[PDB]
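Notes to accompany the following structure.
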Amino acid sequence: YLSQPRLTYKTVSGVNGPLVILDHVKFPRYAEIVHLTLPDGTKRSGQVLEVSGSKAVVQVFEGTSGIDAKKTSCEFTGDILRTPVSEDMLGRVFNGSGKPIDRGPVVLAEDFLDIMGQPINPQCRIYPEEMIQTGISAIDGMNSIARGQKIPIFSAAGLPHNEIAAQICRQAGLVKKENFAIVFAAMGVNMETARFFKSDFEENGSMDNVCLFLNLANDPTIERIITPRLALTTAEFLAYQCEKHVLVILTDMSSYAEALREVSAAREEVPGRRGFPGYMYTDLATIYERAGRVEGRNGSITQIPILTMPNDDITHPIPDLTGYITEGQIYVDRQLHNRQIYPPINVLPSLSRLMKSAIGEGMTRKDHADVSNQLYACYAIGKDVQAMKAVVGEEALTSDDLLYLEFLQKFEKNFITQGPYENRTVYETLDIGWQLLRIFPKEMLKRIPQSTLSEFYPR
Amino acid sequence: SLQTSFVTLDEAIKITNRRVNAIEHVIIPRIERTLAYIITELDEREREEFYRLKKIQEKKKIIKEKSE
Amino acid sequence: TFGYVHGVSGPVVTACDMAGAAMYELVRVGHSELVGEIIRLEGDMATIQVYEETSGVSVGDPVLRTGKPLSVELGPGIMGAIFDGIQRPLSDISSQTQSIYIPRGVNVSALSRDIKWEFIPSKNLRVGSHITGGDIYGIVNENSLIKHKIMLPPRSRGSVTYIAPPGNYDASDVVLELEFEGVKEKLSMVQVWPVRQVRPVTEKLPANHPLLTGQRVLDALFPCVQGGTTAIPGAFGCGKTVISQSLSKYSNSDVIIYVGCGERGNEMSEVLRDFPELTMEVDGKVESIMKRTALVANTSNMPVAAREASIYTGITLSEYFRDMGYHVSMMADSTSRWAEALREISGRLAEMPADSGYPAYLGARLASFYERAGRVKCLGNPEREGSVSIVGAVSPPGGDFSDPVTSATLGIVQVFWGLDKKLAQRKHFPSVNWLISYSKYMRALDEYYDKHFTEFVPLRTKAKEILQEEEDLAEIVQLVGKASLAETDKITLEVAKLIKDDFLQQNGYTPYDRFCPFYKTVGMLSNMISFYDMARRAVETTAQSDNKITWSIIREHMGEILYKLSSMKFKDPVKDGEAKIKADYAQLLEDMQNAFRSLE
Amino acid sequence: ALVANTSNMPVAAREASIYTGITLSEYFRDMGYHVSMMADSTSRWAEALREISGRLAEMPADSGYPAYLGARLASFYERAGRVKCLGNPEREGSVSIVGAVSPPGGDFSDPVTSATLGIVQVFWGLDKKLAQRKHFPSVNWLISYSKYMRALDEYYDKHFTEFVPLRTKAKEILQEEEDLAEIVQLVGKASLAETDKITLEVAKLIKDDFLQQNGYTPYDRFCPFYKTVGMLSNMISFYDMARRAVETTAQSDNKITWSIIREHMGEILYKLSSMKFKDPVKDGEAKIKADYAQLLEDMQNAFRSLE
Amino acid sequence: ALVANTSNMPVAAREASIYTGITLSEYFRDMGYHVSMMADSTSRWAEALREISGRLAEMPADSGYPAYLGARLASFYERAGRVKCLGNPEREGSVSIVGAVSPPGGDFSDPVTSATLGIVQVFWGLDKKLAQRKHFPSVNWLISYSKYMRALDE
Amino acid sequence: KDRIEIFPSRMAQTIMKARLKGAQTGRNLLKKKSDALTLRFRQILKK
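Going down the list, the protein sequences come from chains W, F, Y, P, C and S. Those letters in the first sequence? Residues 39 to 215, 225 to 506, per the authors' numbering, in order. Those letters in the second sequence? Residues 150 to 217, per the authors' numbering, in order. Those letters in the third sequence? Residues 17 to 616, per the authors' numbering, in order. Those letters in the fourth sequence? Residues 310 to 616, per the authors' numbering, in order. Those letters in the fifth sequence? Residues 310 to 463, per the authors' numbering, in order. Those letters in the sixth sequence? Residues 4 to 50, per the authors' numbering, in order.
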């Protein structure tokens with residue numbers, strides 16, 4: 039351990055935006071944490087983002103308003119932000135700084151883990167081969183969730199992405215026909240959203256297995272880019288040291304990206320698109336890739352990093368770079384929500400990278416893969432027919448086209464529409480698939496071999 | 150002359166409305182998407198110019214400080 | 017407490033010998049005492065952003081350091097006054113100078129010290145008692161409407177050592193002295209609070225009580241709740257005056273704050289001229305609105321720091337009264353003008369721009385601004401409660417919704433009162449679009465509506481269904497002319513018209529329609545929908561064969577009933593009391609149902 | 310052999326990973342083996358260069374990337390190639406490079422995609438709008454190209470011969486369908502000639518059954534070349550016979566419109582679509598070639614009964 | 310008497326060429342002669358200003374041009390007109406200036422086109438579509454203007 | 004397909020805006036043609 043007394047400085051050189059620059063510092067350490075006291079007694083903390091000679095640049099989490107130049111007192115902890123973690127953090131509510139806000143005590147650590155974490159050795163990483171039953175046909179059928187998968191929900195402001203995440207928390211089980228520890232990072236949200244989830248977790252009777260980290264819209268913007276790491280660090284303890292299956296949900300990741308963009312501008316870093324740092328991808332990978340199973344240990348981490356798409360732009364850097372890192376996305380939209388369809392999940396632009404391993408003989412039912420692929424073909428064609436008919440008129444369509452409109456209309460109300468408390472099995476979802484696919488004659492079901500149609504199509 | 154001058158009107162209307170619908174549902178949306186794309190990309194080019202000019206001004210400031 | 021000017025590069029002034037200064041502190045630069053803030057610091061030198069023109073500032077000029085950051089001065093005399101965005105009384109500057117200009121470096125105290133206020137102690141406190149932050153130790157009698165409760169400043173506590181007796185005191189005297197760990201603090205009636213800091217509360221509560229505006233539309237169909245946040249489009253022809261006047265005049269809130277951000281001079285004049293002329297009945301007396309209102313005025317040529325700070329000064333004033341247990345409703349005349357001021361400062365500081373040129377933190381600033389609204393449990397032992405509502409408007413260039421400022425705002429506010437110009441051209445007021453407008457508080461208010469009115473909730477659901485169906489039928493009607501149209505659809509179309517004409521439309525220039533009590537709004541809607549349901553049944557239950565009822569038969573048969581439904585808006589609440597209007601509406605329902613009975 | 314430098318690993322290591330990979334590839338090339346290395350990113354390497362260049366405070370070029378981005382990509386890709394090796398034993402080897410690129414938004418305009426296209430000789434462009442339809446592999450087939458067509462024409466003539474004219478006809482059919490799709494969207498399939506409707510539907514046949522395949526099945530996981538050209542020959546043979554059927558009858562006393570051949574030969578169209586489900590591991594070359602030969606005979610007999 | 314300067318000449322001479330030309334023009338103007346000065350290109354002059362502005366490491370404006378581009382073009386363009394000359398003979402001469410803005414396109418956002426349009430009284434815009442159709446001389450005649458109408462009406 | 008695929012430029016803005024104005028003018032003129040044909044059609048229908 040660190041037995042040497044820490045040093046305290048009153049040597050602040052200057053302040054420039056969110057960065058407090060100290061001089062006369064003895065052997066500065068990179069990415070070490072500094073605790074500072076303002077002339078009025080206010081205590082704040084920050085991290086050294088640069089060292090050079092006797093100088094060090096400290097980014098202050100709470101902010102730099104009120105930071106003095108002569109009376110400011112800073113001390114260097116001598117290490118990186120290692121945070122206290124314990125098993126009994128489940129059932130506690132913390133803020134974005136890692137401190138409790140539930141009137142309980144501070145964390146009585148079992149160990150101290152580096153918030154930055156470490157990359158998992160790809161040779162010991164074990165490829166996920168188990169499916170989670172979300173109960174939502176729009177997901178379990180056509181975009182299955184594996185245990186250890188990273189699947190964000192791409193959403194847009196005003197859409198019920200909070201209700202879907204809340205639903206998933208209660209009715210997420212297995213298809214092996225199980226209590227997930229949930230770590231929920233509520234960052235960049237209003238009180239009502241955080242209270243909605245907090246209340247739902249108690250309503251579900253599962254609060255003793257839920258760890259919350261809150262960082263609300265009125266909280267500092269710099270803490271908003273460690274909150275995910277605090278959640279994941281706890282998840283890593285629980286999953287990889289105590290073999291507990293953990294579900295980690297990160298609320299609108301766009302508030303993370305916007306908080307990061309503010310830091311990028313302050314540090315004059317090289318922009319990429321829309322003003323975001325050119326290293327945004329690398330930073331996101333540090334957050335997202337803390338997931339998956341590890342060989343030889345019985346734990347897992349599954350992520351659902353829901354994000355809001357600015358202006359419904361699927362090419363915005365936030366959903367774009369996320370799409371490159373995560374194993375696909377669920378994607379909800381306004382065209383379904385504006386018709387009172389719940390959950391408003393649009394399967395067409397969605398995918399699950401681990402879905403192909405998750406389905407089929409030994410996992411769900413042998414026809415799973417065939418039903419999904421044909422439903423995608425029929426749904427997409429129905430959308431193409433609507434694009435045509437909008438111009439040429441119904442009279443210009445033939446029987447081959449009307450069948451896809453019949454499918455499209457029945458698909459959305461039978462397959463996607465469910466309700467907040469409709470919990471379907473994966474087998475029931477496929478059965479529904481067949482009920483819709485049987486709208487077409489065998490010759491049009493071109494994604495399914497006759498070795499499958501001959502068994503399932505007749506019913 | 151009613152019926153022979155009438156079905157020809159129904160055909161002329163169907164052809165005209167189909168063209169109008171295409172302008173509304175295909176051609177203009179496509180022009181608007183193109184224009185919005187152009188507007189966004191041009192602001193992206195403006196930003197990278199801002200970055201370089203800002204760094205140039207800072208490098209000049211550093212040179213000036215060294216000279217003092 | 018003085019430093020010296022080292023150099024001027026424009027609006028940015030570099031100071032030397034200013035070691036003892038904090039970031040975002042306040043300075044008064046030069047012999048004219050120009051207002052500015054310290055942003056960058058290095059060594060014993062500081063970089064000052066000056067709000068006003070720096071012409072004439074010399075090297076060697078003094079710089080006076082003020083310990084408080086940008087802050088709002090809070091105390092008696094705040095009510096009825098018009099302030100600059102950085103809390104400068106415009107009604108005193110124009111009257112203490114006899115000028116028409118705001119003097120450069122003008123230094124007029126936010127609250128005058130020549131007024132002898134009537135102060136009454138709480139009469140519960142004694143010397144030696146324990147007092148904490150948020151506690152009320154006396155009330156100042158300002159006017160007939162709002163009592164100005166004097167609270168202990170937040171982040172202060174201790175044992176009371178002196179209490180002023182009841183009497184006439186000005187804002188420079190000492191009213192209460194308290195001692196904490198041997199440190200004595202002498203407090204006047206005025207407290208100062210940094211404008212960028214959120215005033216603490218005991219707890220933030222859910223918003224359940226409706227905001228009882230006087231309009232039938234923007235209430236029945238699109239509710240707002242005390243403590244909630246909404247957005248209002250701001251276009252020349254949208255008729256935004258109707259909401260501003262209705263909200264400030266007849267609302268069930270206690271205190272109104274109107275915040276300008278950076279509008280056209282003539283637009284600020286219209287607001288400043290209109291407001292003093294507004295009155296409302298209170299205890300049977302007609303009182304000026306300015307006795308329970310405060311206003312912050314900023315034109316487009318005001319210092320950008322004030323235009324940017326105006327929005328935070330307004331809400332700081334709002335929270336100040338929130339902590340008294342009052343319900344406060346603040347309107348930001350244009351948050352787009354604020355965002356413009358914010359972008360200007362970001363540009364001036366050569367910050368990296370983001371979306372459409374706006375600062376990277378635009379969204380964070382709007383989110384943290386709106387988060388400050390809500391119903392709260394106040395500080396202090398009195399266990400009082402209050403709320404702040406925000407009805408800030410948006411006016412993006414071009415009227416588009418793609419602008420990051422309007423897009424971000426709509427993703428934050430829970431109610432959108434979308435207005436339109438087409439309706440105004442058709443002389444239909446209030447000009448509410450209906451199909452664009454929404455409210456996300458409907459669930460929060462279900463408990464209130466169930467407890468007090470019961471039938472309101474299914475009625476507003478049916479009302480939206482009828483109005484939406486009228487839109488859905490529009491294409492069928494255009495291509496048909498109501499010929500190949502179901503009689504049940506004709507009922508929907510004509511009843512939807514009735515709703516649009518004699519319910520959602522409201523004429524505020526008539527004495528009977530100035531304010532529509534809720535019980536009248538639900539009364540009118542109940543009878544219209546009850547008619548709708550009876551008309552649907554009259555057709556559907558007889559539509560089998562031989563002898564069927566049609567809309568033409570219903571309309572011709574009971575034309576007096578359809579007229580009586582239209583006549584309901586003329587029931588003046590000032591002369592016809594609650595019992596009489598309800599009785600007349602009950603009789604209408606009976607006459608209505610009996611008229612349909614004769615058809616079966 | 311494989312090198313792992315995952316997204317959440319040190320960003321600087323992304324440059325070392327790329328150079329280590331190609332250096333390993335050259336080592337085996339020198340031993341007389343044919344190496345086909347692939348770096349699944351490229352953009353992540355260029356991204357590392359951008360992040361380092363930023364920390365270095367270098368003057369950036371297009372979209373924040375270093376001015377020398379093109380220099381690094383050019384020298385990387387040029388280490389590919391079939392070579393005569395150094396060494397008295399006279400070995401012959403090769404290194405191929407199949408490099409992915411990750412353009413933001415799918416917009417092929419970033420400095421990395423642009424520079425890459427100026428270096429690589431084969432362009433396998435993918436279309437997000439095809440992937441959304443699960444039309445895998447999501448190859449655009451309109452913007453893609455290969456500059457080795459002429460180089461392999463000799464090979465193809467030596468072993469197959471029939472492949473090259475089939476390749477040409479297939480491209481003409483797909484391009485003609487695109488030329489028609491542009492106007493059909495506006496017309497509504499009202500002004501189409503019967504010869505054009507055949508193109509449109511055969512092009513669909515090619516798109517759905519030939520260009521896409523499910524790589525996670527026992528039958529599409531690997532497609533031996535003899536099967537690809539075999540089933541293509543049948544699809545083109547149908548095109549030519551169907552186009553002839555209408556061309557020889559349009560001026561007669563009965564025109565064989567698509568609706569007549571479609572109803573008359575519906576079993577042939579289903580058989581042609583089934584040609585993918587051949588499972589080359591269970592059913593070998595002999596059965597697949599004989600099966601395709603039978604489909605050709607079935608078509609010819611149905612046409613004789615039609616025309 | 311022409312002044313010859315090619316694209317491969319030094320950037321400073323490329324800038325000075327215009328000043329040399331107009332100096333000769335004013336010289337003969339002061340003799341009472343009517344002088345007509347034709348420029349081959351003022352976009353090449355603006356290019357020289359952009360190149361030198363960069364080399365001097367001074368803060369640029371739009372598209373890399375110096376913020377004072379308009380001032381340099383105005384200085385050249387305003388050295389023209391019918392004048393009463395100095396000297397006993399009371400003679401009166403004139404200089405006409407014909408500029409030439411090479412069009413990166415028909416978009417008048419072009420910094421050089423825009424600065425020129427704000428100064429020059431007559432603009433003879435050449436349409437791209439008329440050029441493609443080989444209609445000569447190729448003049449748009451809808452986007453062109455001449456501000457000397459009232460002066461010539463007499 | 005989704006875009007006309009003209010490289011971003013201020014020239015492209017001018018061309019696209021002129022192209023949009025042309026398309027909108029054609030839409031309105033053809034809509035008037037349709038309305039005129041529809042009225043005549045219905046009149047012919049009445050007779």
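For each residue, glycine too, the CB sits at the ideal point set by N, CA and C.
For residue i, tell me which candidate among the options has the shortest Cα-Cα distance.
i	options	result
residue 649/P	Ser352/P, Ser345/P, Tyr336/P	Because residue 649/P is not part of the residues shown, which for chain P are 310 to 616, the question remains open.
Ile162/Y	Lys438/Y, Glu510/Y, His343/Y, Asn543/Y	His343/Y
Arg201/F	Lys536/P, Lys516/P, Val473/P, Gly373/P	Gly373/P
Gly429/W	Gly407/W, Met410/W, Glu459/W, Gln156/W	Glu459/W
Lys215/W	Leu492/W, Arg412/W, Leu500/W	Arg412/W
Determine the DSSP secondary structure at residue i, reduced to helix, strand or coil.
i	result
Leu520/Y	helix
residue 683/P	Absent from the model: residue 683/P. The displayed extent of chain P is 310 to 616, so no value can be given.
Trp354/Y	helix
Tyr548/Y	helix
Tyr178/Y	strand
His415/W	helix
If I measure Cβ to Cβ from residue i and keep anything under 7 Å in the same chain, skipping five residues before and after, which residues do I get?
i	result
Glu503/Y	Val555, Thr566, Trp567
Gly415/Y	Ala251
residue 4/Y	Lying outside 17 to 616, the shown extent of chain Y, residue 4/Y is not represented and no answer is given.
Run the CB neighbour count on residue i, radius 10 Å, all protein chains shown included, and call it buried at 16 or more, exposed below.
i	result
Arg337/W	buried
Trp450/C	exposed
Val217/Y	buried
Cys162/W	exposed
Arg364/Y	exposed
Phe99/W	buried
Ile570/P	buried
Report all residues from its chain with a CB closer than 6 Å to the CB of residue i; omit the five preceding and five following residues, and keep chain order.
i	result
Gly96/Y	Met306
residue 4/Y	With chain Y represented from 17 up to 616, any question about residue 4/Y goes unanswered, as that position is not in the structure.
Exercise. Given a limit of 7 Å on CB to CB distance, which residues of the segment 353 to 377 of chain Y reach chain W?
Worked result: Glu367, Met368, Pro369, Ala370, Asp371, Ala376, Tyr377
Exercise. Along the segment 187 to 199 of chain F, what residues have a CB closer than 8 Å to any CB found in chain Y?
Worked result: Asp192, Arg196, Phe199
For this session: Check distances from the C-beta atoms of the segment 436 to 470 of chain W to those of chain F and list, in chain order, the residues that come in under 9 Å.
Result: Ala437, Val438, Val439, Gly440, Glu442, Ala443
For this session: Closer than 9 Å, Cβ to Cβ, to anything on chain S: give me those residues from the segment 400 to 429 of chain C, in chain order.
Result: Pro413, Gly414, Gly415, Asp416, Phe417, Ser418, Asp419
For this session: Taking only beta carbons into account, state which residues of the segment 246 to 262 of chain Y come closer than 9 Å to chain W, listed in chain order.
Result: none
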